[PDB]
Amino acid sequence: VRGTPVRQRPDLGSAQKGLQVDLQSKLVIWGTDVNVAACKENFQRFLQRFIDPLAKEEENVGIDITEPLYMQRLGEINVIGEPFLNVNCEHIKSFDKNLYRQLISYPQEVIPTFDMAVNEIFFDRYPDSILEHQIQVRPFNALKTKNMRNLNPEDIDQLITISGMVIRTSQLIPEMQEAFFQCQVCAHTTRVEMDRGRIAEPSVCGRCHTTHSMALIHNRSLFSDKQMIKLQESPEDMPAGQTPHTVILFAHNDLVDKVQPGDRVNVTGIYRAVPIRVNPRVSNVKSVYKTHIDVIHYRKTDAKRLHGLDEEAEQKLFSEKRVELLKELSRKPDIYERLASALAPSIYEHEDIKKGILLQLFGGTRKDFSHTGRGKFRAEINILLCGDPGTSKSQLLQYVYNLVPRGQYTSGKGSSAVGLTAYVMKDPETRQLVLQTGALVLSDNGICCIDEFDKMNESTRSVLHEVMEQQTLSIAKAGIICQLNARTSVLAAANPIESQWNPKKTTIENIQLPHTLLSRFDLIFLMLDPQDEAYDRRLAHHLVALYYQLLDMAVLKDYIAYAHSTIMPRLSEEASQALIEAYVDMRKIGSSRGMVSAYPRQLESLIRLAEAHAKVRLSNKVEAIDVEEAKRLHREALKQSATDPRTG
Amino acid sequence: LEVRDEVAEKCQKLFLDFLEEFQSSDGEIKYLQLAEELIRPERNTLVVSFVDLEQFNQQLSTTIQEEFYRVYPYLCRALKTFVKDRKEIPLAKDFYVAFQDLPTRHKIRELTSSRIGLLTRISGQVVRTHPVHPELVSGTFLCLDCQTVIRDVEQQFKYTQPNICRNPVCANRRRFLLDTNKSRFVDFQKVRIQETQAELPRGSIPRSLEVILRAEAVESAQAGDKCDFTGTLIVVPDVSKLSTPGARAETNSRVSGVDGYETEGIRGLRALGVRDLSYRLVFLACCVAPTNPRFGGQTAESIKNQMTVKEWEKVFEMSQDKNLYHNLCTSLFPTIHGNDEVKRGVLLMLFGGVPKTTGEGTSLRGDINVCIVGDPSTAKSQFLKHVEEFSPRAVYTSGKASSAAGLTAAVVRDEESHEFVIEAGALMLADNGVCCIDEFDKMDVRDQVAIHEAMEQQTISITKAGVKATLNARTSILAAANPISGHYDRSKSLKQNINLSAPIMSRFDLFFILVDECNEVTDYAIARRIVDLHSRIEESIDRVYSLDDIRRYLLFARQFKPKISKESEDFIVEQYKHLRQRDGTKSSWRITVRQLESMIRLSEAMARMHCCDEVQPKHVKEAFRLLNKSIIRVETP
Amino acid sequence: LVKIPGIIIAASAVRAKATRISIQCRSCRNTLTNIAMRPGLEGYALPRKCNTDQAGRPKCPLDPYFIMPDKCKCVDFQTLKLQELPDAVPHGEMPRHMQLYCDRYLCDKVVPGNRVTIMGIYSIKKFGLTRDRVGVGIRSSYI
Amino acid sequence: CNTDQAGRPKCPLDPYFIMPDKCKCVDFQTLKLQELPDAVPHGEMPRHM
Amino acid sequence: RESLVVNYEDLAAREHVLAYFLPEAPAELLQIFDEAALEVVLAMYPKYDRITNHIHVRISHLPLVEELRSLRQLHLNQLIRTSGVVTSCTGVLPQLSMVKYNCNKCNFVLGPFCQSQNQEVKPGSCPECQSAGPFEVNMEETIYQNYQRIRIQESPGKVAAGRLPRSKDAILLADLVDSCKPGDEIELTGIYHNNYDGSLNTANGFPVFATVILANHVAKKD
Ligand SMILES: Nc1ncnc2c1ncn2[C@@H]1O[C@H](COP(=O)(O)OP(=O)(O)O)[C@@H](O)[C@H]1O
Ligand SMILES: [Mg+2]
Ligand SMILES: [Zn+2]
Ligand SMILES: [Zn+2]
Ligand SMILES: [Zn+2]
Ligand SMILES: [Zn+2]
């Protein structure tokens, strides 16, 4: 301690008596076996003497491996000024299992001892540092709870980690922390801090000794911030018949607004059971308690997904060695082919489709057109797949859904317009009418995979026009009218008329989609079936070897994140001329009868694909090779070559 | 001894010194000159520049910013003394201090609890504005147990009775009677604002909060406007229906109930005075200004005065500039190739005609409506977005994303009184402006009927949830329509091509057809324009007039109401005869007297664009040419 | 007494309105049979004190009386909603309304839709002189 | 009445009667004490407690 | 007709001091004018007392005409002139004017209590049995007065470019009921009034006051 204020931690809940009991007739806390002194000493020992043996430089960026990890963390804290120390419960478990167990089972008691230990170490060292408040230790990566509904009541008020998807986040709730009372006779002022969730009012003035003259001034008090996170749990242990689970989380004073709807997170927090009043106006409480999680730590990192927007935005994400490795990979000649083959390793020989998916993941170049007065430009890449229910179109959509962060899924008629855009529901914890988002908005800066796009009624299909054209969503209903942002990438999958591609019909009628809807797509892949014995034999061997069973996903994630962070391709003169020529030629070829015609929307599609290829190469400059690849992909997809003026 | 708030009193003294000593460049007492106007009734606020305050005394400005809530009453008292020692304002009159030009601006997402009680400025979009009710600021109560008068008890954004009767031997804490004739009130309005489009994070609804406008700021924010509110984030207690117990306030006196009166249950809670502490963040805006003012400073003369010298000189130059028509077209749509007729029509829509009411009361429509129907990917949505972005009071909506209530209006009941607030719809927010309906054909008849009534009688009648009203909606319509089957057919009529109801179509002043002719020259030109736009983003746009200048010119010209001279009448009738003779091949739609009315409105719009006081044969000729070009022939094999 | 023309647009079910009640004290069980209820829309405030305390020195409580249901002389009563005649409503106007209280043999005498003439007492509800409704001294009128 | 009412009509205003059987009573005596005759001033009536 | 219309213009021309006093203290000056006009009309026609025993003095041609959007707490308890279009108009309800009560403990008839527009008259004890018993209105002996509640909003023609019309409630008493109809364009001279019962003293509510206009004069323009 250096005189810096010790900030109250609402995430730990209202304090307790902290009663101490001697176990002999050593000095544990009542109901626990923590022994604050021993716990603090052991945590200081862990913090000053922990080395991760099998750590990796890739895993730990900006950290000297040999030097104590959390001491380096304290150095970073001193450099920056944010008094939050993120500690790994797995590291705690490895160092001392008993300390890990005590932390897990008694968080509200153990954690403040960790705060004391960390502050002692951090002010014994760096004795001149300035911080707005003492350091707060945030544990995380507890032993994952597979299914949150396997939690028994004997697991209440203890630390757990869950994985979920953020469905909704409420407005900020001002939580009082220090009531400011003032006498209405002599104006003497006093302050009362939250004792155990209750503020014992003065009841008598300490200046004029008048009884019940002290009025609580609301706006001269000290307040905290609270937020309610409605998170749909994403359990990995799903027993027969169990349905999706929605859980309530509460974030306090710094984790507020740190997660937006659509974000997949690992939340570490205290499992809290609370009473429910039978009525809002009575103090009777039902004998059955409803549970919710008090959040301690958000974790946006997952090993089987790409990097989120926040992770990409953060600068110190890659080491210099990793950056150089990524640059080398981009410097390789066939990086495009390598990444495409990396995509979906279990699906055989869809090279063009996987290239389209890769360009979709990389996106285009985000551009600002505010000055032009032109309206936002969609930098996302929309892809349609077409083929009977015998091809891997649905498998590709599922793979993209399981891969990308902010991935939403829809299928057939299981969706509606309001359920894809927004609606109004009475929040069943505040009894207030709150607005809720649809799948498209939940996948705002991600991908919406829409299977069975053909069997999708016009009422819900017509919403996608606005999303795929302007990236906005102007909901104008009774209560409030507002223009939400859905900058989503559409990955649609549609079946041919009569659920098979009959070679007696032309492509447009076989597809059976409006010209406007098809033009809104910048890629269309007709997953036709070639009656090739070679293809059939290769696929059969592939599947049998799959039954009796590379470019690593980690470096794939790193490449995509680096490209999004830094590479911002721009148009060169040769690329501009190539694009103009390509658009003219595309119009000429597509001016036939049954072919999918071409429009300025197709020109913009070529522009986006060229920018995506430039990103794939880390070029930062769109040029002739990029334009040529865009043209070749846009042709091979939709198979302009195999077609003819006599379409069919 | 009535403990003194020394910090606040020091702030009051310093602020009074600032008022009575600060001077402008001229060297006179600017705030003395301003307070000279405070003597008049219905005028009780003084506007003070935070820039001026910071210049005069940085420490005072920082103190005010960091302790605004606690010191604000003292600043008001300082201003009251400043006004009194000069003039003879009524003794009971109150004065308020509005602050403006605060250097820093925060985001509604950043309005955390740490911002409570300290000065801040935010930008928001007004959703709806409640009426102007008197509010209780300090009431004098009567005790019903001993008839003791407890005087000047403040109200903390809630009806607060005296915590205890003054009489020492009387512990009355319940039975008080407010004395209205002795209490003081202030003007009060609650306005719901929401987060602007730019500030939205990913996948989030625009956060909404209500701001409280006190005296002299009480009818300055209107629904749909972008406004900067400067004031103080506050917390107002609320009885929230939280099922779970939370924070509670109770007395520290260690009383306990005797047998038969055990202080338990509801009796125990009422004895201990347990009351839940639930709060909601509210904004107490001391001033409101437009986020992007049109003028640096509602008839033509008033607009002229509101304009600055430089702004008026620019407007006069543009008015005197021949070729202003083409200049404005290019500036409005620099990034759209071709479609000169469409650009001209949209410009004439933005300008509008002169609405009139006959002696019998018939309201002759004065604003023109334009519908663009064309092949896919022909810049219809782009025209709509251009107009929405440029024009003020320019609402945008899709064909099927809106309901009738969200497209015309809705009714809610004032949560603070018996009256009814009207949640304006898109056609109301676009009042005296433009409404851009994209995918116009794809709209249900249940909404097309509302749009038709709007375009018909320039009004929206609402009879819902206990209130009847007749809102005015003088909004032009810009529609985008897809032909049946998607592609326009040149061998059919416009009615056969589009599926808009005949009453809807009949009153569209202009109908522009954008047929996607697969022509090499146009393909190359459009490709060049698009690739140039995507290569040279910030450059490549050279609009001879900036959008702000065009907006100011529109606001000035709209105040002009062109006449129609006898020569103009003769030319008009001759042109109508010529158009009828054209009607007599087959046009995509016939020519009726509605075409004559549209032509008259277009001529008025041209005269207004040139700011002429008389409609001229040149304007009439331009309108007739535009209409004739719009009406295309039906080519058949 | 007023005679008015109208049309019945509704007719509530026929329910039982007490004309006499017998109230029994909880302590001494003594009764106050045959208390004459007023006719129409009006309530009765029960006695607060058992007047028959002379039968014994120890006293009965405050507000001791419970109404005995089986000792009540009830009658049929009905509520109807009269609406002004459509040919009587002026051109641009709303149809005025009135509430009708019907008694023993006026119950079910008319049904919704009948154009009727009602002769009755113009009376206001008398039920104890106790957001909207900003008026004061206004009570629900009825015939 | 303390009893946790079960929704019935509440007990009367003054419902409580002493149960003389269920009481613990003790002896209690009242005495008169007088100022000692010597302690009384010469011309003064004795005080009593 | 029980009503007498007096031009404020002539009132100021002849006696200007009362003209100045009128807007500041409308209730008291109107009451005094009521009594004076009653005495004058009685002197002119002594036999008229048997007709309503009460005369209402309406004021016309108020110089300053406010607007519904421009009514602020500064105007409270003052005679303001406004114009508007009636949007709603409830039926002519009967209101208590000189209320008599029945003590439902001895059946004595508690005498006539004048009913004010701002407070529900409630008696204390019964003068005979000195009981605070329930009491109940004696409709047979009570004398009533017509009460109509209208809502007048800003004329859409007068509403500004960007703005929604604002509405104020008004009360018509015993001579003005059904003097206006929904849709009528009316000038209303009346007391912007606040102190009857309108105060959001409930939880989740700013201490704002509802307001009404005690219509003293109505003039349709058509
Ligand atoms: N004539 C043109 N000039 C400039 N841009 C055009 C033109 N035609 C098409 N475009 C471009 O092609 C896209 C299609 O325009 P859009 O408004 O979607 O047409 P539609 O209304 O038919 O959907 C837009 O991004 C636009 O910038
Ligand atoms: Mg479009
Ligand atoms: Zn005091
Ligand atoms: Zn008292
Ligand atoms: Zn009894
Ligand atoms: Zn009596």
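All chain A residue numbers match Swiss-Prot; in order, they span 107-131, 149-672, 681-779.
Backbone N, Cα and C atoms are what each Cβ position is placed from, and that goes for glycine too.
Residues or ranges marked as ATP 1 binding site in Swiss-Prot (evidence: a large-scale study or a structure entry): A:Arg497, A:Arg643, A:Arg732, A:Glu735. Using a 10 Å radius centred on the Cβ of A:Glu735 (ATP 1 binding site) and all shown protein chains, the other Cβ atoms total 21.
The SUMO2 cross-link feature in Swiss-Prot is assigned to A:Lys439. In this view, A:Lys439 (SUMO2 cross-link) is surrounded by 8 other Cβ atoms within 10 Å of its Cβ, with every protein chain counted.
As annotated by Swiss-Prot, phosphothreonine applies to A:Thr110, with the evidence given as a large-scale study or a structure entry. A sphere of 10 angstroms centred on the C-beta of A:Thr110 (phosphothreonine) encloses 16 other C-beta atoms.
DSSP assigns A:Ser120 (phosphoserine) to coil in the three-state reduction, outside any helix or strand. With a cut-off of 8 Å between CB atoms and residues at least 6 apart in sequence, the same chain places A:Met317, A:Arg319, A:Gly320 near A:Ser120 (phosphoserine), listed in sequence order. Residues or ranges marked as phosphoserine by Swiss-Prot: A:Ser120 (among others).
If you look up Swiss-Prot, you'll see A:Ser131 (among others) marked as phosphoserine, on the strength of a large-scale study or a structure entry. Around A:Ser131 (phosphoserine), taking its Cβ as the centre, 3 other Cβ atoms fall within 10 Å, counting all chains. In this structure, A:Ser131 (phosphoserine) belongs to neither helix nor strand by DSSP; it is coil.
Reduced to three states, the DSSP call for A:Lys220 (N6-acetyllysine) is helix. The feature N6-acetyllysine is assigned by Swiss-Prot to A:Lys220 (among others).
Look at Swiss-Prot and you will find A:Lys450 (among others) tagged as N6-acetyllysine, backed by a large-scale study or a structure entry. In sequence order, A:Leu749 make up the list of same-chain residues 6 or more apart from A:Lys450 (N6-acetyllysine) whose Cβ falls under 8 Å from its Cβ.
Taking Cβ pairs closer than 8 Å, the motif 'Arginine finger' (A:642-645) reaches residues 504-507, 587-588, 591-592, 613, 615, 728, 730, 732-733, 735-736, 739-740, 765 in its own chain, all 6 or more past its ends. Marked as motif 'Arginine finger' by Swiss-Prot: A:642-645.
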Counting other C-beta atoms within 10 angstroms, the emptiest spot among the recorded positions A:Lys220, A:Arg497, A:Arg732 is A:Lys220
In whole Å, how far is A:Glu735 (ATP 1 binding site) from A:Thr110 (phosphothreonine) when you measure between their Cα atoms?
57
Of all C-alpha pairs drawn from the ATP 1-binding set A:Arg497, A:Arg643, A:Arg732, A:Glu735, the farthest apart lie at a distance in Å of 18
Of A:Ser120, A:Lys220, A:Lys450, A:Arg497, A:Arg732, recorded positions neighbouring ligand 1, Cβ under 6 A
A:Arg732
If one measures from the C-alpha of A:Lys439 (SUMO2 cross-link) to the C-alpha of A:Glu735 (ATP 1 binding site), what distance in angstrom results, rounded to a whole number?
34
Do you know offhand how many angstrom separate A:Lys220 (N6-acetyllysine) and A:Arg497 (ATP 1 binding site) by C-alpha?
61
Taking just the CA atoms, what is the gap between A:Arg643 (ATP 1 binding site) and A:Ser131 (phosphoserine) in Å?
80
Cα-to-Cα gap, A:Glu735 (ATP 1 binding site) vs A:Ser131 (phosphoserine), nearest whole Å:
83
Residues from A:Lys450, A:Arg732, A:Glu735 facing chain B - recorded positions, CB under 8 A
A:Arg732, A:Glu735
Between A:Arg732 (ATP 1 binding site) and A:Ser131 (phosphoserine), how many Å separate their Cα atoms?
85
What is the separation, in Å, between the Cα atoms of A:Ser131 (phosphoserine) and A:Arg497 (ATP 1 binding site)?
82
On the DSSP side of things, how many residues of the motif 'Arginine finger' (A:642-645) fall into helix, strand and coil, could you say?
2 helix, 0 strand, 2 coil
